[PDB]
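Participant: The following block contains the structure, expressed as C-alpha cells.
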Amino acid sequence: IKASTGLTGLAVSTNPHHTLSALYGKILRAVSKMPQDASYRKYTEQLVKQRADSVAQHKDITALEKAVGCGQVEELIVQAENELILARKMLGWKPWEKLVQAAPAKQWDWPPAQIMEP
Amino acid sequence: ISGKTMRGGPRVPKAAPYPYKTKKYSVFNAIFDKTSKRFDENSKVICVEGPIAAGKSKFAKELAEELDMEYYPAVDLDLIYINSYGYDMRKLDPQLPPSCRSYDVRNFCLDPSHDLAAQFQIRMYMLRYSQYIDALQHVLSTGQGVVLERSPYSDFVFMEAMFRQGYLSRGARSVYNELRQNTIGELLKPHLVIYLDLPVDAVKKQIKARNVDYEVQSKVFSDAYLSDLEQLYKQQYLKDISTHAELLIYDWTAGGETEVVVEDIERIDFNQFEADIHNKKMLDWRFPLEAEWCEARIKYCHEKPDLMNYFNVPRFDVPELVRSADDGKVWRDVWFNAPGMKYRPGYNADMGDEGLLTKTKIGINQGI
Amino acid sequence: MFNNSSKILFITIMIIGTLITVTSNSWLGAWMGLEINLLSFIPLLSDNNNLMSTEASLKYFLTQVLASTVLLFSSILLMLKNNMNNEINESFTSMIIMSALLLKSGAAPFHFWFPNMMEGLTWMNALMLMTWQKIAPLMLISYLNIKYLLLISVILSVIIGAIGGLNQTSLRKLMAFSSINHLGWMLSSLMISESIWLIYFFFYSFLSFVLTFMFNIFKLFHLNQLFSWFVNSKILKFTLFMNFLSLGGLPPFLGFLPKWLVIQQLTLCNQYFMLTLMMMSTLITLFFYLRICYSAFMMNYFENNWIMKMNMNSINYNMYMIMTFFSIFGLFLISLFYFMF
Ligand SMILES: Nc1nc2c(ncn2[C@H]2C[C@H](O)[C@@H](COP(=O)(O)OP(=O)(O)OP(=O)(O)O)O2)c(=O)[nH]1
C-alpha cells in the first residue's frame, strides 16, 4: 500500500472501489431526476458511466489509477463528491432552461464610445 | 456522524460497552475504568424538530438505522399509566373524578379546556427530560450516538403555544416557564439539530392523512395553534440551539431525502470545531480530562435519582396543580392497592413474582 | 466523596491534619495540624461547578486564616511569658487562645460567619463542616481552662442559637442555628468533663450525620420542599421524621441519652443555674423542629400534582434509615453503652 498521498490533509483511503462505486451510483440517480433534454444530463451519464465502468476491471488501486487517469484515487473521490453537490444544486438551479436575460445593445462591444451609422 | 455506506460496512464500538442498563456506576468504578476510552466519532446527539404530524419517527428511525445510532421512540405519556404488568391505570374509571382521572393526548385533543390538562403539560416535559438523560446515559456508557425525535429543550414551544391559545392558565405558564430553568440547566445541549419546515396547511394535509379518531376529528387543530409551532420553532426555540448546536434546515421529511441528509450531516464535521475551547459552540461537550469525562458519566449513571428530584418544586399557589387531600389520599389507596403495585417491581408476588424470600436485588434507577 | 476522585484525597489530608491537632503535643504542632485542615477543606467547600460555593470559600478562608494567625500568636505569648506550654494559671495570656478557638469552631459571639456559610455549602459539604471541623478547636478548648469565657459562650450559645433558628426558612441556616445551640451543650460539657463531652459529640455527630444525609438524598432545601416532597404513603413521611424530635432528645428518640448524660454530670458539678438556661432554650430548639414536623405528623395534606413517583440512591437510602431506626429505638441499648462509668 502506498505510504502517503503526497499531499497534506489528503489521507490514504482504503476501500476506494466501494466509495467510488457508491459515489457514482448517487450521482447517476441525481442526474436521473433531471429532465431528459438537458445537455448537462446527456454528458454526465456517459462520463460517469465510463468512469463507473472502468471502476471494476482493475482491482488493483494503482491499475485503476492508470486506467482512469485524471489523477489519483484520493483526489478522484473528491471529484466525485463535488459533482454530487453539483447535481443537487443543478436540479435546484434549472439551468437547462433558455436565456433569462438578453444583453442590452452595445453591452459586450469593444472598443467603447464610438459613434455609429444607423 | 459518518454513514455505514461510506464505511463500506458497519461501525464497530472501539471498546467493550459498559452494562449501564443493569450495573451501578461508582466513583471507585470510575477510578477502576476509564470513560472516554469507549468514545468514538459518533458520540453525539442529533435532535429532531418539526411541526406536529411531520412523521419524523420513521425518518429518525431510518437516520439512526443507516448512521448507526439509537432511535429512542417519542413521548409515551401512557408510561405513567403502565406498570410491571402493563395494564392502564386509565382502566381505573372516574372513581376519584376531579383530579385523579387520567388525561392523555387523546383527552387533550378532545378537549384542552379542562384545567387537568396542565398535568401532562408539565409531566410531558418531564418525560422528555427523563428520556434525554436516558440518551446521555447511553452515550456516555456505550459511546454510541443517539437521536431523540424531540427534546425537553423544544417542549416549551408547545407550552407557550397552548397558553397563547388560552388553554393553560396564566399561573401554569409561570410555573412551567420558571421550572424549566431549574432542571434544563442540568442537561447538555445536542451536538446537531435538524428542523423540518412544512407550512400549517401542509401539515394539516398530512394530519388528515393520519386518520386518528382522537386527533383528526378533534378541534384543537386551528391554524393559530399549529402555526405557533412555526414561529416558536423559527426564532424562539432555534436561536439558542443555533448558538450551541449546529443547525440544518431542509424543507421537510417527505421531500427530505435520507441519503442527502446523510451526506450533508457527514460533510458537517466537528474536528473543524476542535479550535479554541472558549468558543460557545459545542461548549457543553469540551471535557478536558478523562476525570472530567467520568464526572459527567457518574453524574448520569449514578445521579438520575438526583436528576429526578430536581423536579420537587413546591407550588401550592395554583389550584389546578393542587390536589384534594382526602381524594388524593384515596388516589394513593387506588394506585398502591391496584394489581401489580403493592411492592417494588419484581416483588409484586401477589401478581406473580417468584424467587422471593431470598431475592434482595434492585436495579440501577429502577423506578422507585 | 461527592463527585470526583479528589474528594477522597482532600478528605484524607484533612483527616491527617486534624488528627495531628488532637494528638498534637505542643501548641505549635496543634497550629500546624489546624492549617493543614484549612488547606484540605477549602477545595471541597469551593466547588468549581456553581457560584455560592465560591463565596463561602473566601469567608471560610478569610476567617479561619485569621483564627490560625491569632492562635499561634497568642500561643507564643503564653509560651513566652510562661516559658512553658502548661502555664501555672490562666491569665490574659490564655483568653486570646480560646477566642481564637471559639471563632474557629463557630461559638456564640463569634458565629456570624457560620450562617452565611450555609448558603454556599451543599449538604454533605455542610455536614462535613458541621461535624468534623469542630473537633480540633473543641479538643483544644479542653486544654484551655478559663471558666468564665466558656460560661459566657454557653450562656450565649443557645440564645442566638435558638432565636435565629426560629426565623430561618432555608434549611441551610436552620442547621447552622441548630448546631450552635447544640454546640452550647458541648462547651458546657467540656467545661465539666471530657469523657462525657466525647460521648455527646459522637451522638451529635451521629444524629446530624443521619439528618443531613437524608436531606442530601431527597435534596430538600426549603420548608416548602418538605411539605411538597412526595412520599407514596405519607406514613414513612412521618416515621422518618421522628429524628427531627430526636434533635430535642425527647426520651423515646435516643437524643435524650446524651442530654441526660451531660445533665447528670453537670448538676453533679452543681452549676444548676447554667442547666436551667440551656434547658430553657432547648425547648425553643425543639419548638421550630415541630415547626418542621407539621409536614408529617398530620397525614394526607395538600400536595403538588405533577409528581407521581419519588426515587433516591440505594446506597444512601440503605445506610440512611438504618441510622434512623436506631434514632427510633435506641434507648433499650442502655446496657450496650459502658463508657459512662
Ligand atoms: N400538550 C402537548 N401535546 C404534544 C406535545 N408534543 C406533541 N404533542 C401532541 C400533539 C400530537 O397530536 C401528538 C403527537 O403526534 P405527532 O404529530 O408527533 O405524530 P408524528 O407523525 O409526528 O409521528 P410520532 O408522533 O413521532 O409517532 O402529541 C407538547 O409538547 N405538548
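Participant: Does residue B:297 count as in contact with a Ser or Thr (Cβ under 6 Å, 6 or more places away or on another chain), more than 10 Å from every other protein chain (Cβ to nearest Cβ), buried (at least 16 other Cβ atoms within 10 Å of the Cβ) and more than 30 Å from residue A:88 (Cα to Cα)?
Facilitator: Answer is yes for this residue.
Participant: While we're on this one: Might you let me know whether the range B:100-107 holds any residue that is within 13 Å of another protein chain (Cβ to nearest Cβ), within 14 Å of the ligand (Cβ to nearest atom) and in contact (Cβ under 8 Å) with a residue 40 or more places away in the chain?
Facilitator: no
Participant: Here is a list of conditions, (1) among the aliphatic types (A, V, I, L, M); (2) closer than 28 Å to residue B:363 by Cα; (3) within 16 Å of the ligand (Cβ to nearest atom), and residue B:15 meets all of them except one; can you say which number that is?
Facilitator: The one condition residue B:15 does not meet is (3).
Yes/no per residue for (1) in contact with a strand residue (DSSP E or B) (Cβ under 6 Å, 6 or more places away or on another chain); (2) more than 14 Å from every other protein chain (Cβ to nearest Cβ); (3) within 29 Å of residue B:367 (Cβ to Cβ); (4) of a type in the set (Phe, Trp, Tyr):
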residue	(1), (2), (3), (4)
C:300	no, no, yes, no
C:304	no, no, yes, no
C:307	no, no, yes, no
C:322	no, yes, yes, no
C:332	no, yes, no, yes
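Participant: Residues in the range A:14-25 that are part of a helix (DSSP H, G or I), surrounded by fewer than 19 Cβ atoms within 10 Å (Cβ to Cβ) and within 7 Å of another protein chain (Cβ to nearest Cβ): how many?
Facilitator: Matching residues across the range A:14-25 total 2.
Participant: Just a yes or no: is a residue in the range B:336-343 farther than 30 Å from residue B:169 by Cβ, among the basic types (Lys, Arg) and in contact with a helix residue (DSSP H, G or I) (Cβ under 9 Å, 6 or more places away or on another chain)?
Facilitator: Among the residues of the range B:336-343, at least one is farther than 30 Å from residue B:169 by Cβ, among the basic types (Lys, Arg) and in contact with a helix residue (DSSP H, G or I) (Cβ under 9 Å, 6 or more places away or on another chain), which makes the answer yes.
Participant: Same structure, new question: Across the range B:314-333, what is the number of residues that are facing chain C (nearest Cβ under 7 Å) and either touching a residue at least 24 places away in the same chain (Cβ under 8 Å) or touching a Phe, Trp or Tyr at 6+ places or on another chain (Cβ under 8 Å) (or both)?
Facilitator: 8
Participant: Still on this structure, I have one more. Kindly check whether there is at least one residue in the range B:182-198 that is within 12 Å of the ligand (Cβ to nearest atom) and under 30 Å from residue B:262 (Cα atoms).
Facilitator: Checked against the condition, which is being within 12 Å of the ligand (Cβ to nearest atom) and under 30 Å from residue B:262 (Cα atoms), the range B:182-198 yields at least one hit.
Participant: I would also like to ask the following. If residue B:78 passes every condition in (1) within 13 Å of the ligand (Cβ to nearest atom); (2) surrounded by 20 or more Cβ atoms within 10 Å (Cβ to Cβ) but one, which one does it miss?
Facilitator: (2)
Participant: For the subset of the range B:27-42 comprising residues that are over 25 Å from the mean Cα position of the chain (by Cα) and part of a loop (DSSP other than H, G, I, E, B), which member is farthest from the other protein chains (Cβ to nearest Cβ)?
Facilitator: Here the residue is B:37.
Participant: Condition first: in contact with a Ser or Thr (Cβ under 8 Å, 6 or more places away or on another chain) and either within 14 Å of another protein chain (Cβ to nearest Cβ) or within 21 Å of residue B:68 (Cα to Cα) (or both). Now tell me which residues in the range B:260-286 satisfy that.
Facilitator: Once the filter is applied, which keeps residues that are in contact with a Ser or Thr (Cβ under 8 Å, 6 or more places away or on another chain) and either within 14 Å of another protein chain (Cβ to nearest Cβ) or within 21 Å of residue B:68 (Cα to Cα) (or both), the range B:260-286 yields B:262, B:266.
Participant: Pick from the range B:43-63 the residues that are in a loop (DSSP other than H, G, I, E, B) and under 20 Å from residue B:294 (Cβ atoms): which of them is farthest from the ligand (Cβ to nearest atom)?
Facilitator: Here the residue is B:43.
Participant: Next question. Residues of the range B:138-156 being near the ligand (Cβ under 10 Å from one of its atoms) and in contact with a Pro (Cβ under 9 Å, 6 or more places away or on another chain), which ones?
Facilitator: Scanning the range B:138-156 gives a single hit, B:149.
Participant: While we're looking at this one, here's another question. Of the residues in the range B:108-135, how many are more than 10 Å from the ligand (Cβ to nearest atom), more than 27 Å from residue B:186 (Cα to Cα) and in contact with a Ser or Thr (Cβ under 9 Å, 6 or more places away or on another chain)?
Facilitator: Of the residues in that region, 4 qualify.
Participant: Okay, moving on. Here is a list: A:83, A:74. Which entry is touching a helix residue (DSSP H, G or I) at 6+ places or on another chain (Cβ under 6 Å), among the charged types (D, E, K, R), surrounded by 11 or more Cβ atoms within 10 Å (Cβ to Cβ) and touching a residue at least 12 places away in the same chain (Cβ under 8 Å)?
Facilitator: It is A:83.
Participant: Additional query: Which of the numbered conditions does residue B:66 fail, given that it passes all the others? Conditions: (1) crowded, with 20+ Cβ neighbours inside 10 Å; (2) closer than 30 Å to residue B:263 by Cα.
Facilitator: Of (1) crowded, with 20+ Cβ neighbours inside 10 Å; (2) closer than 30 Å to residue B:263 by Cα, only one is false for residue B:66: (1).
Participant: Continuing with this model, one more query. Restricting to the range B:157-168, give me the number of residues that are surrounded by fewer than 18 Cβ atoms within 10 Å (Cβ to Cβ) and either away from the ligand (no atom under 11 Å from the Cβ) or among the hydrophobic types (A, V, I, L, M, F, W, C) (or both).
Facilitator: So the count comes out to 2.
Participant: Which of the following residues is exposed (fewer than 15 other Cβ atoms within 10 Å of the Cβ) and either more than 21 Å from residue B:167 (Cβ to Cβ) or within 11 Å of the ligand (Cβ to nearest atom) (or both): B:258, B:243, B:253?
Facilitator: Result of the check over B:258, B:243, B:253: B:243.
Values in this text are rule-based calculations from the coordinates and carry no lab data. No Cβ is skipped: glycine too gets one built from the backbone with ideal geometry, and neighbour counts run over all protein chains shown.
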